[PDB]
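This report refers to the structure that appears directly beneath it.
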Protein chains: 2
Amino acid sequence: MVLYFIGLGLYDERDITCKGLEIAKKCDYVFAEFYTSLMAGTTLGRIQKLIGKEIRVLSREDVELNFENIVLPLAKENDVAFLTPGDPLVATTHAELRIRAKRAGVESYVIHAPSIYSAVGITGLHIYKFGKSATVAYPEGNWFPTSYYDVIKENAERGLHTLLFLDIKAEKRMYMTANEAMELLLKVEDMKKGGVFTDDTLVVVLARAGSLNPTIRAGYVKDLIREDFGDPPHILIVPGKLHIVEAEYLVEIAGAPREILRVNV
Amino acid sequence: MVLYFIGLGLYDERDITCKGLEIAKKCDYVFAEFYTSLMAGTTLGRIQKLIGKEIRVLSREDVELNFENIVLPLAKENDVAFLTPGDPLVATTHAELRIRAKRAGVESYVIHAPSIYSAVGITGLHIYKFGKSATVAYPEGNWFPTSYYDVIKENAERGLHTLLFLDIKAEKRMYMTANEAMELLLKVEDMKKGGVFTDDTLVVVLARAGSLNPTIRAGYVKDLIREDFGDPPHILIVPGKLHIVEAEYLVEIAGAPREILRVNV
Ligand SMILES: Nc1ncnc2c1ncn2[C@@H]1O[C@H](CSCC[C@H](N)C(=O)O)[C@@H](O)[C@H]1O
Ligand code: NA
């Protein structure tokens with residue numbers, strides 16, 4: 001009578017840890033959701049074939065409203081697994097599902113998996129220099145989210161990098177690209193005019209982390225805003241003050257303009 | 001002709017990803033480093049047994065000074081693997097190694113794995129709320145470093161959580177405990193008197209992230225500074241103002257006192 005939260009990783013079914021795989025193979029019932037992120041290199045079949053079980057995919061509503069009615073009941077008499085993209089507790093609200101499990105008298109365990117939050121290390125930017133993170137959300141009707149713009153400003157003033165999770169509407173199969181995120185940011189800059197995000201701002205794009213050939217690009221907005229970074233998922237990063245070696249990496253590995261090697265201390 | 005940077009995960013030999021294990025097994029040579037961190041829930045022998053390859057351990061100097069004379073030469077005519085605890089490229093000096101690979105005409109690919117950076121999500125604290133990260137270092141001789149205290153100050157001041165890595169002496173296999181870290185911080189608070197870290201400060205301790213039975217504890221320094229958090233390694237987090245959902249998780253899951261539901265929200 002246990003519930004396992006198991007991350008599947010960044011790109012394909014093999015990004016799962018061996019610990020999670022062996023545990024998943026021996027669970028009675030296996031559930032999962034694919035609305036918190038996109039694993040571009042795999043399919044449900046591949047996942048099912050890898051763990052040797054049929055997986056019941058749950059919708060956001062099934063989880064947020066009926067987790068305790070669909071999943072927990074079974075966990076009271078069996079060993080149940082709940083699979084998610086990346087790490088199950090990073091930039092999701094799944095952590096609260098553990099409280100529900102507790103209230104239903106169900107023991108829960110977390111099996112971590114590679115996450116985009118730590119994968120940013122592949123950009124060459126020192127991971128400890130990242131500040132507050134934010135999400136660039138799609139404007140809805142007359143509602144135009146902008147708080148993520150202030151997060152960048154706040155981190156930039158402190159010389160810290162800003163990681164920007166990009167929006168996702170799984171049901172509409174919509175995955176915000178770094179380009180769309182750059183366009184939204186420019187529109188917010190146009191209205192707020194804080195000199196936070198312009199055509200001359202240096203940004204970094206990481207696409208399909210987890211795959212062997214992710215797209216890692218660094219450069220000025222004016223040049224990257226119309227560039228093709230490949231299929232989603234994407235994340236956008238606005239670096240703060242760069243260390244010489246961060247700039248060297250961005251140039252040598254992310255194809256940034258050599259001139260960023262010239263750091264303004 | 002190929003060098004693989006492969007993460008070993010958080011705690012034991014099963015924390016590597018299925019993808020990382022397959023690739024490691026197919027490599028001609030396998031190197032590893034255990035100076036940036038250790039795999040406390042396993043041994044070199046168990047890791048070597050799992051991969052079925054002999055693992056040549058490299059020291060900090062081997063890597064930082066001679067990576068190109070020890071690892072890259074073999075990577076020119078074979079498939080080589082470089083294993084590191086956690087997620088590759090997280091340790092600040094590792095990203096530069098890919099530049100060294102490029103300069104040597106060696107292709108490199110990164111195979112991610114869980115990192116404490118994302119695994120701390122198990123504390124219930126929202127990831128986007130973490131600010132700049134830092135390391136608590138042991139004072140030595142006439143050197144009393146305190147920047148990690150200022151980091152906590154700048155983060156907390158902006159409502160952000162501060163992730164604190166604790167000092168480690170890999171070669172001597174000696175870890176700084178959360179208890180020791182708190183003592184130092186109270187000591188630093190006594191000299192700077194900035195009202196950042198006191199007996200009433202709320203803190204979270206995460207130990208053995210990755211294992212199925214990690215220690216997640218939250219409470220005030222006055223009650224935790226002498227509590228036994230078990231075997232290392234320990235991770236210390238000084239949360240900023242909490243969101244009610246975070247506080248509820250720390251209470252129900254991390255045994256935090258209900259007092260935080262009114263005092264720290
Ligand atoms: N492989 C990947 N490459 C690029 N961005 C990714 C990614 N996986 C997730 N993201 C980013 O994160 C968003 C989902 S947020 C949920 C993150 C997940 N729990 C994790 O641990 O990674 C996506 O919309 C995208 O912006
Ligand atoms: Na961070």
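Ordering of the structure tokens sets the chain letters (A, B, ...); residue numbers start at 1 within each chain; ligands are numbered from 1 in the order shown.
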- So these two share a sequence; what Cα RMSD do you get laying chain B over chain A, all Cα, in order, least squares?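 With chain B fitted onto chain A, the C-alpha RMSD reads 0.9 Å.
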- Task: Set the cut-off to 9 Å, count only C-alpha atoms and all ligand atoms, and list whatever residues fall near ligand 2 as an NGL selection string.
- Result: (:A and (117-118 or 127-133 or 163)) or (:B and (117-118 or 127-133 or 162-163))
Could you save the residues just selected, with N, CA, C and O atoms, as a PDB file, in the first residue's frame?
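Result written to part25.pdb:
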```pdb
ATOM      1  N   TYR A 117      15.658  22.114 -14.554  1.00  0.00           N
ATOM      2  CA  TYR A 117      16.195  23.067 -13.594  1.00  0.00           C
ATOM      3  C   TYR A 117      17.698  22.876 -13.362  1.00  0.00           C
ATOM      4  O   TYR A 117      18.422  23.849 -13.148  1.00  0.00           O
ATOM      5  N   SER A 118      18.177  21.636 -13.396  1.00  0.00           N
ATOM      6  CA  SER A 118      19.609  21.414 -13.202  1.00  0.00           C
ATOM      7  C   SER A 118      20.318  21.254 -14.545  1.00  0.00           C
ATOM      8  O   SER A 118      21.526  21.456 -14.642  1.00  0.00           O
ATOM      9  N   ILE A 127      25.561  27.356 -12.327  1.00  0.00           N
ATOM     10  CA  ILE A 127      24.264  27.049 -11.742  1.00  0.00           C
ATOM     11  C   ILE A 127      23.936  27.806 -10.454  1.00  0.00           C
ATOM     12  O   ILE A 127      22.770  28.108 -10.189  1.00  0.00           O
ATOM     13  N   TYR A 128      24.950  28.127  -9.657  1.00  0.00           N
ATOM     14  CA  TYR A 128      24.709  28.844  -8.406  1.00  0.00           C
ATOM     15  C   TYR A 128      24.414  30.332  -8.625  1.00  0.00           C
ATOM     16  O   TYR A 128      23.956  31.012  -7.702  1.00  0.00           O
ATOM     17  N   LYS A 129      24.681  30.839  -9.829  1.00  0.00           N
ATOM     18  CA  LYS A 129      24.430  32.250 -10.131  1.00  0.00           C
ATOM     19  C   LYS A 129      23.006  32.538 -10.592  1.00  0.00           C
ATOM     20  O   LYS A 129      22.651  33.691 -10.857  1.00  0.00           O
ATOM     21  N   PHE A 130      22.187  31.502 -10.702  1.00  0.00           N
ATOM     22  CA  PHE A 130      20.805  31.720 -11.104  1.00  0.00           C
ATOM     23  C   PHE A 130      20.034  32.293  -9.924  1.00  0.00           C
ATOM     24  O   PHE A 130      20.251  31.896  -8.776  1.00  0.00           O
ATOM     25  N   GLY A 131      19.155  33.249 -10.209  1.00  0.00           N
ATOM     26  CA  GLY A 131      18.351  33.850  -9.162  1.00  0.00           C
ATOM     27  C   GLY A 131      16.951  33.282  -9.225  1.00  0.00           C
ATOM     28  O   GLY A 131      16.750  32.132  -9.630  1.00  0.00           O
ATOM     29  N   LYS A 132      15.975  34.087  -8.828  1.00  0.00           N
ATOM     30  CA  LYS A 132      14.581  33.673  -8.853  1.00  0.00           C
ATOM     31  C   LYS A 132      14.223  33.221 -10.267  1.00  0.00           C
ATOM     32  O   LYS A 132      14.754  33.752 -11.244  1.00  0.00           O
ATOM     33  N   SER A 133      13.336  32.239 -10.381  1.00  0.00           N
ATOM     34  CA  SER A 133      12.925  31.744 -11.693  1.00  0.00           C
ATOM     35  C   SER A 133      11.519  32.250 -12.015  1.00  0.00           C
ATOM     36  O   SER A 133      10.815  32.753 -11.136  1.00  0.00           O
ATOM     37  N   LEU A 163      16.185  31.990 -15.151  1.00  0.00           N
ATOM     38  CA  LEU A 163      15.695  30.842 -15.894  1.00  0.00           C
ATOM     39  C   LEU A 163      14.212  31.095 -16.151  1.00  0.00           C
ATOM     40  O   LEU A 163      13.457  31.397 -15.225  1.00  0.00           O
TER      41      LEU A 163
ATOM     42  N   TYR B 117      20.139  20.239  -6.779  1.00  0.00           N
ATOM     43  CA  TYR B 117      19.513  21.490  -7.209  1.00  0.00           C
ATOM     44  C   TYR B 117      18.013  21.330  -7.513  1.00  0.00           C
ATOM     45  O   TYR B 117      17.209  22.224  -7.221  1.00  0.00           O
ATOM     46  N   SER B 118      17.641  20.197  -8.103  1.00  0.00           N
ATOM     47  CA  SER B 118      16.244  19.941  -8.419  1.00  0.00           C
ATOM     48  C   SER B 118      15.615  19.043  -7.357  1.00  0.00           C
ATOM     49  O   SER B 118      14.444  19.201  -7.006  1.00  0.00           O
ATOM     50  N   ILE B 127      10.383  25.612  -6.417  1.00  0.00           N
ATOM     51  CA  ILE B 127      11.679  25.820  -7.042  1.00  0.00           C
ATOM     52  C   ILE B 127      11.912  27.234  -7.564  1.00  0.00           C
ATOM     53  O   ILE B 127      13.023  27.761  -7.459  1.00  0.00           O
ATOM     54  N   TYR B 128      10.877  27.860  -8.119  1.00  0.00           N
ATOM     55  CA  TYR B 128      11.068  29.194  -8.668  1.00  0.00           C
ATOM     56  C   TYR B 128      11.450  30.208  -7.597  1.00  0.00           C
ATOM     57  O   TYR B 128      11.988  31.268  -7.909  1.00  0.00           O
ATOM     58  N   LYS B 129      11.200  29.875  -6.335  1.00  0.00           N
ATOM     59  CA  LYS B 129      11.517  30.799  -5.249  1.00  0.00           C
ATOM     60  C   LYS B 129      12.952  30.753  -4.742  1.00  0.00           C
ATOM     61  O   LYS B 129      13.328  31.553  -3.886  1.00  0.00           O
ATOM     62  N   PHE B 130      13.760  29.827  -5.248  1.00  0.00           N
ATOM     63  CA  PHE B 130      15.149  29.776  -4.814  1.00  0.00           C
ATOM     64  C   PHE B 130      15.900  30.904  -5.502  1.00  0.00           C
ATOM     65  O   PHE B 130      15.645  31.208  -6.668  1.00  0.00           O
ATOM     66  N   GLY B 131      16.807  31.541  -4.769  1.00  0.00           N
ATOM     67  CA  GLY B 131      17.583  32.617  -5.347  1.00  0.00           C
ATOM     68  C   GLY B 131      18.998  32.135  -5.576  1.00  0.00           C
ATOM     69  O   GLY B 131      19.215  30.986  -5.950  1.00  0.00           O
ATOM     70  N   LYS B 132      19.967  33.013  -5.350  1.00  0.00           N
ATOM     71  CA  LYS B 132      21.366  32.651  -5.515  1.00  0.00           C
ATOM     72  C   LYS B 132      21.712  31.533  -4.525  1.00  0.00           C
ATOM     73  O   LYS B 132      21.212  31.520  -3.396  1.00  0.00           O
ATOM     74  N   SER B 133      22.557  30.598  -4.955  1.00  0.00           N
ATOM     75  CA  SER B 133      22.975  29.489  -4.098  1.00  0.00           C
ATOM     76  C   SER B 133      24.380  29.754  -3.576  1.00  0.00           C
ATOM     77  O   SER B 133      25.125  30.556  -4.140  1.00  0.00           O
ATOM     78  N   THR B 162      17.203  30.183   0.095  1.00  0.00           N
ATOM     79  CA  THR B 162      18.633  30.049  -0.162  1.00  0.00           C
ATOM     80  C   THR B 162      19.094  28.611   0.036  1.00  0.00           C
ATOM     81  O   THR B 162      18.965  28.059   1.130  1.00  0.00           O
ATOM     82  N   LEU B 163      19.625  28.012  -1.028  1.00  0.00           N
ATOM     83  CA  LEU B 163      20.140  26.642  -0.982  1.00  0.00           C
ATOM     84  C   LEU B 163      21.595  26.710  -0.526  1.00  0.00           C
ATOM     85  O   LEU B 163      22.417  27.379  -1.151  1.00  0.00           O
TER      86      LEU B 163
END
```
Could you list, as a PDB file with N, CA and C atoms, in the first residue's frame, all the residues within 8 Å of ligand 1, counting only C-alpha atoms and all ligand atoms?
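What landed in pocket_16.pdb:
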```pdb
ATOM      1  N   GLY A   7       9.975  10.288 -11.596  1.00  0.00           N
ATOM      2  CA  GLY A   7      10.266  11.149 -12.725  1.00  0.00           C
ATOM      3  C   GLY A   7      10.766  10.310 -13.882  1.00  0.00           C
ATOM      4  N   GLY A   9      12.318  11.881 -16.573  1.00  0.00           N
ATOM      5  CA  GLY A   9      13.422  12.577 -17.199  1.00  0.00           C
ATOM      6  C   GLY A   9      13.075  13.647 -18.217  1.00  0.00           C
ATOM      7  N   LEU A  10      14.113  14.130 -18.888  1.00  0.00           N
ATOM      8  CA  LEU A  10      14.005  15.222 -19.842  1.00  0.00           C
ATOM      9  C   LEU A  10      13.526  14.999 -21.266  1.00  0.00           C
ATOM     10  N   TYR A  11      13.959  13.915 -21.901  1.00  0.00           N
ATOM     11  CA  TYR A  11      13.644  13.711 -23.307  1.00  0.00           C
ATOM     12  C   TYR A  11      12.958  12.413 -23.720  1.00  0.00           C
ATOM     13  N   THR A  36       2.486  18.618 -17.577  1.00  0.00           N
ATOM     14  CA  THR A  36       3.398  19.554 -16.920  1.00  0.00           C
ATOM     15  C   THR A  36       4.648  19.834 -17.746  1.00  0.00           C
ATOM     16  N   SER A  37       4.898  19.005 -18.755  1.00  0.00           N
ATOM     17  CA  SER A  37       6.066  19.196 -19.605  1.00  0.00           C
ATOM     18  C   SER A  37       5.995  18.297 -20.826  1.00  0.00           C
ATOM     19  N   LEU A  38       6.966  18.434 -21.719  1.00  0.00           N
ATOM     20  CA  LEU A  38       6.992  17.634 -22.928  1.00  0.00           C
ATOM     21  C   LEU A  38       8.258  16.799 -23.081  1.00  0.00           C
ATOM     22  N   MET A  39       8.087  15.488 -23.231  1.00  0.00           N
ATOM     23  CA  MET A  39       9.213  14.585 -23.451  1.00  0.00           C
ATOM     24  C   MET A  39       9.176  14.318 -24.956  1.00  0.00           C
ATOM     25  N   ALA A  40       9.889  15.155 -25.700  1.00  0.00           N
ATOM     26  CA  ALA A  40       9.911  15.097 -27.154  1.00  0.00           C
ATOM     27  C   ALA A  40      10.533  13.875 -27.817  1.00  0.00           C
ATOM     28  N   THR A  84       5.775  11.188 -14.153  1.00  0.00           N
ATOM     29  CA  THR A  84       5.707  12.551 -14.659  1.00  0.00           C
ATOM     30  C   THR A  84       6.976  12.864 -15.436  1.00  0.00           C
ATOM     31  N   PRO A  85       6.925  13.886 -16.304  1.00  0.00           N
ATOM     32  CA  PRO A  85       8.106  14.265 -17.083  1.00  0.00           C
ATOM     33  C   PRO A  85       9.088  14.897 -16.100  1.00  0.00           C
ATOM     34  N   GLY A  86      10.368  14.954 -16.473  1.00  0.00           N
ATOM     35  CA  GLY A  86      11.388  15.538 -15.614  1.00  0.00           C
ATOM     36  C   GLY A  86      11.337  15.010 -14.194  1.00  0.00           C
ATOM     37  N   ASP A  87      11.528  15.905 -13.227  1.00  0.00           N
ATOM     38  CA  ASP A  87      11.467  15.562 -11.807  1.00  0.00           C
ATOM     39  C   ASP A  87      10.039  15.912 -11.402  1.00  0.00           C
ATOM     40  N   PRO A  88       9.314  14.957 -10.805  1.00  0.00           N
ATOM     41  CA  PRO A  88       7.924  15.157 -10.379  1.00  0.00           C
ATOM     42  C   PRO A  88       7.580  16.344  -9.484  1.00  0.00           C
ATOM     43  N   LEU A  89       8.545  16.863  -8.733  1.00  0.00           N
ATOM     44  CA  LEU A  89       8.247  17.972  -7.833  1.00  0.00           C
ATOM     45  C   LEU A  89       8.798  19.334  -8.243  1.00  0.00           C
ATOM     46  N   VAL A  90       9.464  19.400  -9.386  1.00  0.00           N
ATOM     47  CA  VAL A  90      10.048  20.650  -9.842  1.00  0.00           C
ATOM     48  C   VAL A  90       9.149  21.428 -10.796  1.00  0.00           C
ATOM     49  N   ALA A  91       8.759  22.625 -10.375  1.00  0.00           N
ATOM     50  CA  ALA A  91       7.909  23.491 -11.184  1.00  0.00           C
ATOM     51  C   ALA A  91       6.581  22.832 -11.545  1.00  0.00           C
ATOM     52  N   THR A  92       6.005  22.147 -10.562  1.00  0.00           N
ATOM     53  CA  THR A  92       4.702  21.511 -10.687  1.00  0.00           C
ATOM     54  C   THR A  92       4.122  21.745  -9.305  1.00  0.00           C
ATOM     55  N   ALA A 113      14.453  12.347 -11.024  1.00  0.00           N
ATOM     56  CA  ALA A 113      14.882  12.108 -12.394  1.00  0.00           C
ATOM     57  C   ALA A 113      15.532  13.403 -12.894  1.00  0.00           C
ATOM     58  N   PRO A 114      16.303  13.334 -13.990  1.00  0.00           N
ATOM     59  CA  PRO A 114      16.919  14.579 -14.465  1.00  0.00           C
ATOM     60  C   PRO A 114      15.866  15.647 -14.745  1.00  0.00           C
ATOM     61  N   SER A 115      16.168  16.876 -14.337  1.00  0.00           N
ATOM     62  CA  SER A 115      15.255  18.001 -14.479  1.00  0.00           C
ATOM     63  C   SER A 115      15.845  19.156 -15.269  1.00  0.00           C
ATOM     64  N   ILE A 116      14.987  19.910 -15.954  1.00  0.00           N
ATOM     65  CA  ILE A 116      15.452  21.055 -16.734  1.00  0.00           C
ATOM     66  C   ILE A 116      16.097  22.086 -15.807  1.00  0.00           C
ATOM     67  N   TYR A 117      15.658  22.114 -14.554  1.00  0.00           N
ATOM     68  CA  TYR A 117      16.195  23.067 -13.594  1.00  0.00           C
ATOM     69  C   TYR A 117      17.698  22.876 -13.362  1.00  0.00           C
ATOM     70  N   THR A 135       7.951  31.994 -15.119  1.00  0.00           N
ATOM     71  CA  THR A 135       7.310  31.374 -16.268  1.00  0.00           C
ATOM     72  C   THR A 135       6.719  32.435 -17.192  1.00  0.00           C
ATOM     73  N   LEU A 164      13.796  30.983 -17.407  1.00  0.00           N
ATOM     74  CA  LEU A 164      12.401  31.206 -17.753  1.00  0.00           C
ATOM     75  C   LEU A 164      11.733  29.957 -18.299  1.00  0.00           C
ATOM     76  N   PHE A 165      10.885  29.349 -17.479  1.00  0.00           N
ATOM     77  CA  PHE A 165      10.128  28.183 -17.903  1.00  0.00           C
ATOM     78  C   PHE A 165       9.143  28.742 -18.942  1.00  0.00           C
ATOM     79  N   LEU A 166       8.873  27.996 -20.004  1.00  0.00           N
ATOM     80  CA  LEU A 166       7.943  28.481 -21.021  1.00  0.00           C
ATOM     81  C   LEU A 166       6.587  27.774 -20.894  1.00  0.00           C
ATOM     82  N   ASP A 167       5.513  28.478 -21.237  1.00  0.00           N
ATOM     83  CA  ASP A 167       4.163  27.936 -21.102  1.00  0.00           C
ATOM     84  C   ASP A 167       3.847  26.685 -21.924  1.00  0.00           C
ATOM     85  N   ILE A 168       2.813  25.967 -21.497  1.00  0.00           N
ATOM     86  CA  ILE A 168       2.400  24.752 -22.175  1.00  0.00           C
ATOM     87  C   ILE A 168       0.918  24.452 -21.973  1.00  0.00           C
ATOM     88  N   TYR A 175       3.086  24.372 -27.355  1.00  0.00           N
ATOM     89  CA  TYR A 175       4.337  24.444 -26.611  1.00  0.00           C
ATOM     90  C   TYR A 175       5.046  25.728 -27.003  1.00  0.00           C
ATOM     91  N   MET A 176       5.048  26.692 -26.089  1.00  0.00           N
ATOM     92  CA  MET A 176       5.669  27.984 -26.337  1.00  0.00           C
ATOM     93  C   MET A 176       7.136  27.853 -26.694  1.00  0.00           C
ATOM     94  N   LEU A 206      17.859  26.855 -24.773  1.00  0.00           N
ATOM     95  CA  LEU A 206      18.180  25.450 -24.617  1.00  0.00           C
ATOM     96  C   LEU A 206      16.913  24.731 -25.068  1.00  0.00           C
ATOM     97  N   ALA A 207      17.053  23.877 -26.074  1.00  0.00           N
ATOM     98  CA  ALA A 207      15.910  23.152 -26.604  1.00  0.00           C
ATOM     99  C   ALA A 207      16.131  21.658 -26.569  1.00  0.00           C
ATOM    100  N   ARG A 208      15.125  20.939 -26.104  1.00  0.00           N
ATOM    101  CA  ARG A 208      15.203  19.492 -26.039  1.00  0.00           C
ATOM    102  C   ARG A 208      16.400  18.984 -25.239  1.00  0.00           C
ATOM    103  N   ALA A 209      16.562  19.509 -24.025  1.00  0.00           N
ATOM    104  CA  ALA A 209      17.638  19.059 -23.154  1.00  0.00           C
ATOM    105  C   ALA A 209      17.333  17.586 -22.941  1.00  0.00           C
ATOM    106  N   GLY A 210      18.358  16.779 -22.714  1.00  0.00           N
ATOM    107  CA  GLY A 210      18.108  15.364 -22.516  1.00  0.00           C
ATOM    108  C   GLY A 210      18.420  14.581 -23.773  1.00  0.00           C
ATOM    109  N   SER A 211      18.188  15.190 -24.931  1.00  0.00           N
ATOM    110  CA  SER A 211      18.507  14.523 -26.185  1.00  0.00           C
ATOM    111  C   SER A 211      20.021  14.655 -26.286  1.00  0.00           C
ATOM    112  N   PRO A 214      20.985  18.538 -28.088  1.00  0.00           N
ATOM    113  CA  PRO A 214      20.054  19.623 -27.786  1.00  0.00           C
ATOM    114  C   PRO A 214      20.517  20.873 -28.505  1.00  0.00           C
ATOM    115  N   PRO A 232       9.862  21.832 -29.718  1.00  0.00           N
ATOM    116  CA  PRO A 232       9.836  22.081 -28.275  1.00  0.00           C
ATOM    117  C   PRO A 232      10.172  20.787 -27.535  1.00  0.00           C
ATOM    118  N   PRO A 233      10.380  20.866 -26.212  1.00  0.00           N
ATOM    119  CA  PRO A 233      10.319  22.058 -25.361  1.00  0.00           C
ATOM    120  C   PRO A 233      11.549  22.970 -25.410  1.00  0.00           C
ATOM    121  N   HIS A 234      11.345  24.229 -25.037  1.00  0.00           N
ATOM    122  CA  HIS A 234      12.410  25.222 -25.002  1.00  0.00           C
ATOM    123  C   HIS A 234      12.330  25.921 -23.654  1.00  0.00           C
ATOM    124  N   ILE A 235      13.426  26.560 -23.262  1.00  0.00           N
ATOM    125  CA  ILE A 235      13.462  27.381 -22.060  1.00  0.00           C
ATOM    126  C   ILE A 235      14.262  28.577 -22.527  1.00  0.00           C
ATOM    127  N   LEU A 236      14.006  29.731 -21.936  1.00  0.00           N
ATOM    128  CA  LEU A 236      14.743  30.925 -22.293  1.00  0.00           C
ATOM    129  C   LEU A 236      15.486  31.362 -21.039  1.00  0.00           C
TER     130      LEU A 236
ATOM    131  N   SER B 118      17.641  20.197  -8.103  1.00  0.00           N
ATOM    132  CA  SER B 118      16.244  19.941  -8.419  1.00  0.00           C
ATOM    133  C   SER B 118      15.615  19.043  -7.357  1.00  0.00           C
TER     134      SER B 118
END
```
- Message: Between A:139, A:41, A:195, A:52, which residue has the minimum interatomic distance to residue A:22, considering only C-alpha atoms?
- Response: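 The answer is A:52, which sits nearest to residue A:22.
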- Query: Nearest to residue A:253: which of B:217, B:193, B:103, B:161 is it, counting only C-alpha atoms?
  - Reply: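 With only C-alpha atoms as the atom set, the closest residue is B:103.
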- Message: Report, in Å to a single decimal, how far apart atom CA of residue A:231 and atom CA of residue A:199 are.
- Response: 23.4 Å
- Could you check which of A:140, A:77, A:252, A:33 is closest to chain B, using only C-alpha atoms?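 The answer is A:252, which sits nearest to chain B.
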- Got a sec: who's within 7 Å of residue A:6, counting only C-alpha atoms, leaving out chain neighbours fewer than 2 positions off, as a VMD selection string? chain A and resid 4 8 20 81 to 84 88 110 to 112
- Item | Secondary structure check, strand (DSSP E) residues of stretch 174-225 of chain B, as an NGL selection string | :B and (174-175 or 202-207 or 215-220)
Prev. selection, N, CA, C and O atoms, output as a PDB file, in the first residue's frame:
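For reference, out_20.pdb as written:
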```
ATOM      1  N   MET B 174      35.272  13.731   4.944  1.00  0.00           N
ATOM      2  CA  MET B 174      34.722  14.437   6.096  1.00  0.00           C
ATOM      3  C   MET B 174      33.705  15.489   5.651  1.00  0.00           C
ATOM      4  O   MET B 174      34.044  16.434   4.938  1.00  0.00           O
ATOM      5  N   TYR B 175      32.459  15.319   6.079  1.00  0.00           N
ATOM      6  CA  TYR B 175      31.387  16.243   5.721  1.00  0.00           C
ATOM      7  C   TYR B 175      31.034  17.199   6.857  1.00  0.00           C
ATOM      8  O   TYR B 175      31.131  16.845   8.028  1.00  0.00           O
ATOM      9  N   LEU B 202      13.885  30.100  10.679  1.00  0.00           N
ATOM     10  CA  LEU B 202      13.335  28.824  10.248  1.00  0.00           C
ATOM     11  C   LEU B 202      14.291  28.231   9.214  1.00  0.00           C
ATOM     12  O   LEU B 202      14.751  28.937   8.323  1.00  0.00           O
ATOM     13  N   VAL B 203      14.599  26.942   9.340  1.00  0.00           N
ATOM     14  CA  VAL B 203      15.496  26.292   8.390  1.00  0.00           C
ATOM     15  C   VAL B 203      15.001  24.908   8.017  1.00  0.00           C
ATOM     16  O   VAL B 203      14.183  24.308   8.717  1.00  0.00           O
ATOM     17  N   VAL B 204      15.483  24.415   6.886  1.00  0.00           N
ATOM     18  CA  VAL B 204      15.124  23.084   6.440  1.00  0.00           C
ATOM     19  C   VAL B 204      16.410  22.301   6.224  1.00  0.00           C
ATOM     20  O   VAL B 204      17.412  22.837   5.730  1.00  0.00           O
ATOM     21  N   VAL B 205      16.379  21.036   6.615  1.00  0.00           N
ATOM     22  CA  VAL B 205      17.529  20.170   6.461  1.00  0.00           C
ATOM     23  C   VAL B 205      17.128  18.987   5.603  1.00  0.00           C
ATOM     24  O   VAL B 205      16.130  18.326   5.872  1.00  0.00           O
ATOM     25  N   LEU B 206      17.898  18.747   4.550  1.00  0.00           N
ATOM     26  CA  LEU B 206      17.641  17.628   3.660  1.00  0.00           C
ATOM     27  C   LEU B 206      18.880  16.736   3.691  1.00  0.00           C
ATOM     28  O   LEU B 206      19.990  17.190   3.392  1.00  0.00           O
ATOM     29  N   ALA B 207      18.687  15.474   4.066  1.00  0.00           N
ATOM     30  CA  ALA B 207      19.795  14.526   4.143  1.00  0.00           C
ATOM     31  C   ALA B 207      19.506  13.260   3.366  1.00  0.00           C
ATOM     32  O   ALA B 207      18.416  12.700   3.450  1.00  0.00           O
ATOM     33  N   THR B 215      15.921  12.190   5.001  1.00  0.00           N
ATOM     34  CA  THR B 215      15.550  12.907   6.205  1.00  0.00           C
ATOM     35  C   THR B 215      15.194  14.334   5.798  1.00  0.00           C
ATOM     36  O   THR B 215      16.044  15.080   5.311  1.00  0.00           O
ATOM     37  N   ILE B 216      13.927  14.695   5.975  1.00  0.00           N
ATOM     38  CA  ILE B 216      13.455  16.034   5.649  1.00  0.00           C
ATOM     39  C   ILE B 216      12.942  16.633   6.946  1.00  0.00           C
ATOM     40  O   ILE B 216      11.915  16.203   7.475  1.00  0.00           O
ATOM     41  N   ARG B 217      13.660  17.623   7.461  1.00  0.00           N
ATOM     42  CA  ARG B 217      13.291  18.251   8.718  1.00  0.00           C
ATOM     43  C   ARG B 217      13.250  19.771   8.644  1.00  0.00           C
ATOM     44  O   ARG B 217      14.120  20.404   8.042  1.00  0.00           O
ATOM     45  N   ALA B 218      12.232  20.358   9.261  1.00  0.00           N
ATOM     46  CA  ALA B 218      12.100  21.808   9.267  1.00  0.00           C
ATOM     47  C   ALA B 218      11.747  22.273  10.671  1.00  0.00           C
ATOM     48  O   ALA B 218      11.057  21.573  11.412  1.00  0.00           O
ATOM     49  N   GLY B 219      12.234  23.453  11.029  1.00  0.00           N
ATOM     50  CA  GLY B 219      11.960  23.994  12.338  1.00  0.00           C
ATOM     51  C   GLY B 219      12.899  25.145  12.623  1.00  0.00           C
ATOM     52  O   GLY B 219      13.690  25.551  11.763  1.00  0.00           O
ATOM     53  N   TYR B 220      12.818  25.674  13.836  1.00  0.00           N
ATOM     54  CA  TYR B 220      13.672  26.781  14.218  1.00  0.00           C
ATOM     55  C   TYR B 220      15.033  26.284  14.680  1.00  0.00           C
ATOM     56  O   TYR B 220      15.156  25.223  15.297  1.00  0.00           O
TER      57      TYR B 220
END
```
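Residue nearest chain A within the list B:242, B:16, B:136, B:106: B:16 [criterion: smallest interatomic distance, only C-alpha atoms].
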- Message: Would you pick out the contacts of stretch 94-99 of chain A at 9 Å or less, using only C-alpha atoms, so that residues sharing its chain but fewer than 2 positions from it are not included, and give the list as a PyMOL selection string?
- Response: (chain A and resi 3+5+63-64+67-68+88-92+101-104+106-109) or (chain B and resi 121-126+245-246+248-249+252-253)
